[PDB]
There are 2 protein chains.
Amino acid sequence: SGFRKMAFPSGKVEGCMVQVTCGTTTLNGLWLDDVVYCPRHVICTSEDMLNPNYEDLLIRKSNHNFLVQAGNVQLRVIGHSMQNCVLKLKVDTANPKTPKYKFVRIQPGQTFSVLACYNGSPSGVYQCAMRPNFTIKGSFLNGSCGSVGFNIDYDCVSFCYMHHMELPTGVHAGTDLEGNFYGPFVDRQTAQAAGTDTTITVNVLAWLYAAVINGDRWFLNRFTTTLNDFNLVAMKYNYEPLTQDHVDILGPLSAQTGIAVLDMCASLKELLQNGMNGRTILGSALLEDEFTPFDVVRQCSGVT
Amino acid sequence: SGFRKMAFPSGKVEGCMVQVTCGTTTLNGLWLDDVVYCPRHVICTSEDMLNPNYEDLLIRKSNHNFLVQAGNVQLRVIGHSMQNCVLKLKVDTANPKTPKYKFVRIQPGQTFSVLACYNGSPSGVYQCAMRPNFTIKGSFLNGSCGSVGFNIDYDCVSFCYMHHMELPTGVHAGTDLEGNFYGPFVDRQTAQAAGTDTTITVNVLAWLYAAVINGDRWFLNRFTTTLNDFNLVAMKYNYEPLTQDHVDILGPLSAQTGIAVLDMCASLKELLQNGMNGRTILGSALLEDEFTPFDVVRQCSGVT
Ligand SMILES: C[C@@H]1COc2ccc(Cl)cc2[C@@H]1C(=O)Nc1cncc2ccccc12
Ligand SMILES: C[C@@H]1COc2ccc(Cl)cc2[C@@H]1C(=O)Nc1cncc2ccccc12
């Protein structure tokens with residue numbers, strides 16, 4: 001028992017982290033096979049970031065200008081190319097530690113682990129969610145760009161995120177591994193509206209099931225609700241509308257505990273309306289939305 | 001910016017995880033050099049756990065009875081010995097992936113990362129603290145015993161914890177790497193009093209400094225306090241008494257923000273007395289005590 005904001009073991013991703021330097025700009029790169037993937041803003045100076053013409057900036061760069069270092073060894077760059085907001089530096093050596101991998105585009109509300117890196121060296125790993133407004137509430141300092149987000153299915157690492165920018169609001173934005181931004185962000189130092197965020201309802205419910213599994217049962221009540229009634233409360237509290245697909249996704253957790261999905265929705269409704277009255281659920285004094293139903297089943301079953 | 005419950009990258013510890021089986025009991029082992037360290041209860045059956053005589057139980061076991069497997073390869077056991085509550089199985093092969101390491105005994109209030117393992121395979125990593133009553137609030141299922149806790153100083157892994165037991169209360173207990181239990185626990189399936197826990201005051205203050213660094217400043221007030229006055233409030237709320245060593249440990253954070261340690265104690269006092277009035281600090285609706293002043297400086301500076 002016990003429930004933690006657990007991250008995937010970062011070992012398979014630690015072996016891919018390299019440092020990429022171009023001019024006076026240094027950030028992190030991801031070495032898979034004979035390709036190093038890094039944010040394209042590695043070619044910009046601090047001044048360039050205000051309004052960069054990346055096509056023009058890259059035109060001034062050659063293979064020898066991209067210095068790629070893995071630990072203490074230099075990688076020879078035999079080709080560079082820009083795909084959306086990332087740079088792909090083809091190196092002459094395939095990474096001997098390349099794990100099985102995929103590049104995936106996660107959906108908003110999905111979770112992933114981030115291995116925060118500085119100068120190609122990993123500093124820590126943490127679990128977080130893609131917010132419904134396509135931002136992440138990470139912990140990133142200058143030089144952390146190129147740090148990646150991922151999920152792990154036994155031996156296959158599914159890379160979903162690459163860190164690029166911190167918005168003036170202190171929240172973070174990045175791309176999938178093909179350089180496409182999650183959300184409406186552009187890689188320019190300008191004010192960018194993140195948009196209204198909502199709470200991931202399916203995730204809060206999944207975490208309520210985890211609390212029941214792990215002993216916290218005080219929030220369970222003698223009530224039930226319908227999707228339409230629950231959704232009226234969800235709108236009032238800026239929670240994502242719950243659909244039948246969210247209910248179906250909660251199926252196994254509903255089976256485990258025997259608490260019908262709509263009955264748990266009625267528990268969430270009373271918590272939204274009445275608060276927690278100074279009590280905790282799984283050590284939290286708020287309603288946690290960074291655990292998916294998949295995460296909850298995985299953590300409570302033991303999936304390695 | 002941003003502040004997360006970040007764990008150390010688990011890669012150097014993933015390479016040490018093995019599966020140890022004895023009879024019908026399987027748990028996790030830690031392979032460093034030519035020694036595999038695992039909880040001594042691997043020799044017990046479910047019945048033995050009620051009142052085990054480990055000296056007698058081990059007398060029935062030989063080197064060939066301990067099956068040690070790393071991934072898909074079998075390790076040859078050339079010697080076994082019991083040190084306190086751990087077993088040391090000498091193997092004929094040194095682990096090719098042994099990192100630089102130390103065995104340390106952490107102090108209550110200190111933090112560490114845990115790589116939860118099942119059948120010698122890592123499932124996830126999470127950051128947690130040694131509670132003042134020498135328990136940990138982990139996330140551990142059956143078969144997770146032998147999972148280790150650690151800290152990492154550049155390339156040196158300092159192993160501080162090995163998981164052994166889940167108390168009826170749902171909290172967890174374990175040993176240092178020399179098999180000594182943290183706290184008064186014995187490795188028997190009997191009711192064991194965990195003892196009164198307190199909140200780690202130096203850690204809450206450190207996290208208040210992190211919130212100031214990262215933007216949350218609403219809890220700052222026009223007040224100051226003394227150690228004696230603050231400690232009277234600390235006792236009333238079951239918080240650890242703050243000493244001058246705790247103040248000195250908070251020195252660098254006090255310098256960074258320019259908020260005197262006693263001024264921050266006065267902010268904590270008003271939060272204890274008035275609550276948070278439905279507001280959050282670093283995304284939490286309670287007072288977080290699982291970040292040490294060292295953790296806060298490390299995360300806010302970028303230490304790799
Ligand atoms: C500094 C500029 C601002 O404008 C843009 C604009 C676009 C892009 Cl893709 C990057 C940046 C840079 C940035 O946000 N980098 C960072 C990313 N993460 C954490 C950071 C912590 C502190 C300092 C910078 C961080
Ligand atoms: C089950 C017995 C109980 O008595 C003792 C007594 C002493 C010892 Cl050192 C181990 C155990 C075992 C135990 O707690 N193991 C576990 C440790 N962690 C998580 C667990 C989740 C579920 C089931 C067991 C877990």
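Chain A is the first sequence line, chain B the second, and so forth, proteins listed ahead of strands; every chain is numbered from 1. Only this structure's heavy atoms are used, side chains among them; waters, hydrogens and symmetry mates stay out.
Looking at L115(A), only its side chain comes within 4.5 Å of chain B, counting heavy atoms on both sides. Heavy atoms closer than 4.5 Å to chain A are found nowhere in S144(B), neither backbone nor side chain. Looking at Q299(B), both its backbone and its side chain come within 4.5 Å of chain A, counting heavy atoms on both sides.
Of the possible donor and acceptor atoms, none in the side chain of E14(B) sits under 3.5 Å from a partner among the backbone N and O of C16(B). With hydrogens and angles disregarded, a donor-acceptor distance shorter than 3.5 Å links the side chain of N214(B) to the backbone of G2(B).
Put simply, the side chain of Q69(A) does not reach to within 4.5 Å of the side chain of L67(A), judged on heavy atoms. In this structure, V212(A) and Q256(A) have side chains that are not in contact, with every pair of non-hydrogen atoms separated by 4.5 Å or more. The closest side-chain heavy-atom distance from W218(B) to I281(B) is below 4.5 Å.
Using a 4.5 Å cut-off between non-hydrogen atoms, the part of residues 153-171 of chain B that approaches chain A consists of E166(B), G170(B). Listed by sequence position, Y118(B), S121(B), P122(B), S123(B), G124(B), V125(B), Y126(B), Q127(B), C128(B) are the residues of residues 116-131 of chain B in contact with chain A, using a 4.5 angstrom heavy-atom cutoff.
Residue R217(A) qualifies as open at atom CZ: its count of foreign heavy atoms under 6.0 Å is 12 or below. Residue-environment remark: CZ (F294(B)) stays at or below the threshold of 12 foreign heavy atoms within 6.0 Å.
Across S10(B) and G11(A), no two heavy atoms sit closer than the pair OG-N, 4.4 Å.
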